[PDB]
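Novice: sequence first, structure after; it's an experimental one.
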Amino acid sequence: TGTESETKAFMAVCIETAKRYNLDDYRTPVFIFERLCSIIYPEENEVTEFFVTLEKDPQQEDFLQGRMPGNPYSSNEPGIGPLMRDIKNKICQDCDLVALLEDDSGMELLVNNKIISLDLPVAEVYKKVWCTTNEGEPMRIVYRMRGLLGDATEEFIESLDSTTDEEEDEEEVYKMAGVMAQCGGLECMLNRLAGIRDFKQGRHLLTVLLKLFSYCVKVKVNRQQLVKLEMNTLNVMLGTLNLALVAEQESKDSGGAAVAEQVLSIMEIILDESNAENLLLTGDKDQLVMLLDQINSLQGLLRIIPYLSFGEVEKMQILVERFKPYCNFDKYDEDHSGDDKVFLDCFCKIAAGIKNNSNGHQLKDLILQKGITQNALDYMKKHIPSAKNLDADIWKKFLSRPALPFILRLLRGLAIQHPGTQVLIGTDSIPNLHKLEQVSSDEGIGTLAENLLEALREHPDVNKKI
């Protein structure tokens, strides 16, 4: 408990003593890194059970009906939290204030002779109002009905002073999170992740590690370092994500989904920082295989897919030959299931998420050579109504087909930063797409047509055509 320089020295020595411990012991690093995370952002005591005392107004005791014997009220009890509107409702129900329950502004809660808006959370109000002068004391609230005693003279706090969410030095309450990056502590926890081979005995260590990583990825110097290839973070946490996914598949409700979405966040932030300023950074397409089967088991992993698609054609061909047959839009309109529509949306999102790179361009060209874009063009040419008036029942029936919005989505995804797809779509489907643009539907078919037109507008010839 002191200055910043001594804090930095203490964390340097903390990483130093973390080093000497091996990669197999799974207990002491838990404590070291949870201490790191706790002193990273000073934890605020969010008590799961804090007593709330709801007392009548001494000047309005006679007017209020019914006494409440439940004081003090526990937070875990129903009617207390997470919003003080629930507290007001509980007060009305206990005091049989049926009329006042419906009226939100007819009754007010006073804390330290201050008015608090009903929308503010109970925990935040207790921490920022009651704890400022009466820390360690029961949460006292005086309920009084508005109007009899004249205009309120107490201060009204509509909103509380939240933490500084701007970029002040935003890793400033996370200044600690740059310290071990400066001293080279990042590789220590990276090897700690590299040393994880079990999920049953490594849930707590992984949890503290991901929490500290989420705290640290909001640091300029941390993400700048993570851009570098020397510490090869991508492979390590891709392996950890794969382990989490297989553990989740083995046993449901083991916490795998939460850790998976946190890893997804670390992907999106790391790749965004890297692109702000790689072929072997993510590896070949070998891991793309079981990533695809996990997909078969949402935008984050589909956006990661192109980065992991820097490999051999015999593995993108698996994706292509799995995603081709179920695009039978004739059969889809005739008969399709929920799995088919999930699979179609996955295909559309994959097409949307293809990055503009050499291997991405190769994948797009290979997909186009399969004629699935040609299949979509044939489906529009065959099934679009020829009626000039767009309000005809034929047009509405055509819009009612579930395949059309997905086809528009996949065409837009294949038509971004791809001249060949743009030329192919704009060769003959321009009048049909323009007609579909003018029509508004409950499924957003017109909006999707407009987006597809904008995507095709990248090519100057197609833009001139439109």
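Specialist: Noted; the coordinates are in hand. Numbers count the residues shown, from 1 in each chain.
Novice: helices along the stretch 201-350 of the chain, start to end?
Specialist: For the stretch 201-350 of the chain, the helices defined by DSSP state H, counting those that start in this stretch cover 203-216, 220-227, 233-250, 256-276, 286-296, 299-308, 313-323, 329-334, 338-352.
Novice: which elements pack onto the last one?
Specialist: By that I understand helix 338-352. helix 299-308, helix 313-323, helix 403-414 (3 or more C-beta pairs under 8 Å, 6 or more residues apart in numbering; DSSP states H and E). Just so you know, the C-beta spots here come from the backbone N, C-alpha and C atoms, and that holds for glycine as well.
Novice: how about the ones you listed in a markdown table, adding mean neighbour count and distance to residue 191?
Specialist: Putting those into a markdown table (neighbours: other C-beta atoms under 10 Å; distance: least, C-beta to C-beta, whole Å) gives the following:
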| stretch | mean neighbour count | distance to residue 191 |
| --- | --- | --- |
| helix 299-308 | 20 | 22 |
| helix 313-323 | 15 | 29 |
| helix 403-414 | 23 | 38 |
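Novice: can you lay out these as TSV showing distance to residue 459?
Specialist: Listed next are the helices and strands packed on helix 338-352 as TSV, based on distance: least, C-beta to C-beta, whole Å:
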stretch	distance to residue 459
helix 299-308	21
helix 313-323	24
helix 403-414	13
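Novice: looking at those helices, which is closest to residue 282?
Specialist: When these are ranked by distance to residue 282, counting by C-beta to C-beta, first place goes to helix 299-308 at 4.5 Å.
Novice: summarise which helices and strands the closest one is packed against.
Specialist: helix 256-276, helix 286-296, helix 338-352, helix 358-369.
Novice: okay, buried residues for the last one please.
Specialist: Looking back up the chat, that one is helix 358-369. Within helix 358-369, the residues that qualify as buried by neighbour count (16 or more other C-beta atoms under 10 Å) are 359-361, 363-364, 367-368.
Novice: tell me the one among those residues nearest to residue 13.
Specialist: Checking those against residue 13 by C-beta to C-beta gives residue 359 as the nearest, at 45.0 Å.
Novice: what sits closest to that closest one if chain neighbours are left out?
Specialist: Using C-beta to C-beta, 6 or more residues apart in numbering and skipping the chain neighbours, the partner closest in space to residue 359 is residue 310 (5.2 Å).
Novice: that neighbour: neighbouring residues, count only.
Specialist: Number of residues near residue 310 (other C-beta atoms under 10 Å) recorded here: 19.
Novice: ok, now residue 384?
Specialist: The burial count for residue 384: 18, using other C-beta under 10 Å.
Novice: so what's it up against?
Specialist: For residue 384, the contacting residues are 398, 432, 435-436, by C-beta atoms under 8 Å, 6 or more residues apart in numbering.
Novice: which one (most neighbours) among the residues you listed?
Specialist: residue 436 leads the contacts of residue 384 on contacts (other C-beta under 10 Å) with 26 neighbours.
Novice: which residues touch the nearest residue to it once chain neighbours are set aside?
Specialist: What sits nearest to residue 436 in space, not counting adjacent residues and going by C-beta to C-beta, 6+ apart, is residue 449, at 4.3 Å. For residue 449, the contacting residues are 408, 433, 436-437, 439, taking C-beta under 8 Å, 6+ apart as the criterion.
Novice: which members of the residues you listed are the farthest-apart pair?
Specialist: With distance counted by C-beta to C-beta, no two of those lie farther apart than 408 and 439, which are 11.9 Å apart.
Novice: so what sits against both of these two?
Specialist: Common neighbours of residue 408 and residue 439, counting by C-beta under 8 Å, 6+ apart, are 445, 449.
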